[PDB]
Every structure is written in C-alpha cells, then in structure tokens.
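Trainee: First the structure, which I've put down as structure tokens, then a few questions once you've had a look.
Since every read-out is calculated from the coordinates, none of them should be taken as a lab result. Every residue, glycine as well, gets a Cβ built from its backbone with ideal geometry; the counts of neighbours run over all protein chains shown.
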Amino acid sequence: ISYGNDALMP
Amino acid sequence: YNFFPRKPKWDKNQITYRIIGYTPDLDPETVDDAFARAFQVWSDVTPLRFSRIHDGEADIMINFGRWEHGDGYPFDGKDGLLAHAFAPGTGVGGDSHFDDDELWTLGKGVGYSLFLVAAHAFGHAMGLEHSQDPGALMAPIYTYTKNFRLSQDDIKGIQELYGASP
Ligand SMILES: [Ca+2]
Ligand SMILES: [Ca+2]
Ligand SMILES: [Ca+2]
Ligand SMILES: [Zn+2]
Ligand SMILES: [Zn+2]
C-alpha cells in the first residue's frame, strides 16, 4: 500500500 | 535515492530519541524493540548512533496519534497515511508519528509491521526522501518481507549525507 505523503518538513 | 530540498541533515552523529506514547496493539517491549531495530538499520551503515532518553526533548520524538495530534498534520483514520516524519531540524524536525488507527503488528493480519514502517519513517527523519528504486526501504510503497535488508540505493543515499563508519 502507498505511504502517501509521509515525508514532511519542519 | 533522493533528499529533501536543500539536503537537511543532523549536524552531529549522536542522536537522541524518546518514545512518548504507546499503542494498545503491541506489548511496550515489542514496540521499544521494533523502534530500536529500525534505528539499527541506519546505524549499520553510517556513523549515526541513536540513544534513548526517558525525559526532556530528544532529537527524534516518537509517538502514536490519531486524527489531529498536535502538529497540524492530521492523520486520517484507518488506511491512507500510516505514519509520518519530519526532515532533520530543530523542534518538530526529526519527529516520527504513527497513526494508531492502523493495526500495528510485525507484519501479519489486517495491519502493518511497526519495524518496517518505523525504519522507513526514520529514513525521512534522517533526511531521505522517497526513492524511485522500487526495492528500496525509501520506496513510496509499503511492501512486507520476512527478512528485511537495506538496499544499495538506501545505503548510497544515507552515506551521501553522513558517510560510512571508519
Ligand atoms: Ca491512517
Ligand atoms: Ca525533533
Ligand atoms: Ca492501532
Ligand atoms: Zn515515506
Ligand atoms: Zn504528526
């Protein structure tokens, strides 16, 4: 399954 | 492999983490071990060393959450986002949160391996973006496997930020 946009920036 | 814009990374090799909360899905010891092994994936191939603390603000603050959980990046119930993490930086940077509307297991059932998702999430927490290599830990898709091994794409990527241990 996709992780989706789980890569964020502070 | 890929990086976040402007290639953020930790400015030191000694990184602290703290587990602020737990899931009812697994024993706390199993949760702790899952996270420990997820960090070891990365410390295996860099000079990064991860130390747990039980008080104060660690570099990587780890927690479980549901829906809106305090950072304005809400989770979405079961399915969709399984977890997220912030690129290296102060404050919320590095922090890694797991959607407890998912069922956390070690890969079986209508659920997800906490070890595998954490290892992926911690990749982002270290400064890695998603990889176009489908076999990479940092691929944008979750695929379960019984015997995980970090791919060469992941190794090359993480070492381009931090080097290898001498
Ligand atoms: Ca979700
Ligand atoms: Ca942080
Ligand atoms: Ca859960
Ligand atoms: Zn991801
Ligand atoms: Zn969050």
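Trainee: So, of the residues in region B:79-89 that are facing chain A (nearest Cβ under 7 Å) and more than 19 Å from residue B:119 (Cβ to Cβ), which turns out to be farthest from the chain's Cα centre (by Cα)?
Mentor: B:80
Trainee: Sort out which residues of region B:65-78 are closer than 20 Å to residue B:115 by Cβ and either more than 10 Å from ligand 5 (Cβ to nearest atom) or in a loop (DSSP other than H, G, I, E, B) (or both), and write them in order of number.
Mentor: The initial filter retains those residues of region B:65-78 that are closer than 20 Å to residue B:115 by Cβ, namely B:65, B:75, B:78.
B:75, B:78, listed by residue number.
Trainee: Oh, and also: Out of (1) without any contact (Cβ under 8 Å) to a residue 60 or more places away in the chain; (2) within 13 Å of ligand 4 (Cβ to nearest atom); (3) farther than 25 Å from residue B:61 by Cβ, the odd one out for residue B:136 is which?
Mentor: (1)
Trainee: Name the single residue, out of those in region B:103-126 being facing another protein chain (nearest Cβ under 10 Å) and of a type outside the set (A, V, I, L, M), that is farthest from ligand 4 (Cβ to nearest atom). Spell out the reasoning first.
Mentor: Of the residues in region B:103-126, the ones facing another protein chain (nearest Cβ under 10 Å) are B:112, B:117, B:120-121, B:123-125.
Among the residues that remain, those that are also of a type outside the set (A, V, I, L, M) are: B:112, B:120, B:123-124.
Details: B:112: 13, B:120: 6, B:123: 7, B:124: 6 Å.
Here the answer is B:112.
Trainee: Another question, then. Any idea which of (1) within 14 Å of chain A (Cβ to nearest Cβ); (2) among the β-branched types (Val, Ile, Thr); (3) farther than 22 Å from residue B:5 by Cα; (4) more than 16 Å from ligand 4 (Cβ to nearest atom) is the one residue B:45 doesn't satisfy?
Mentor: (1)
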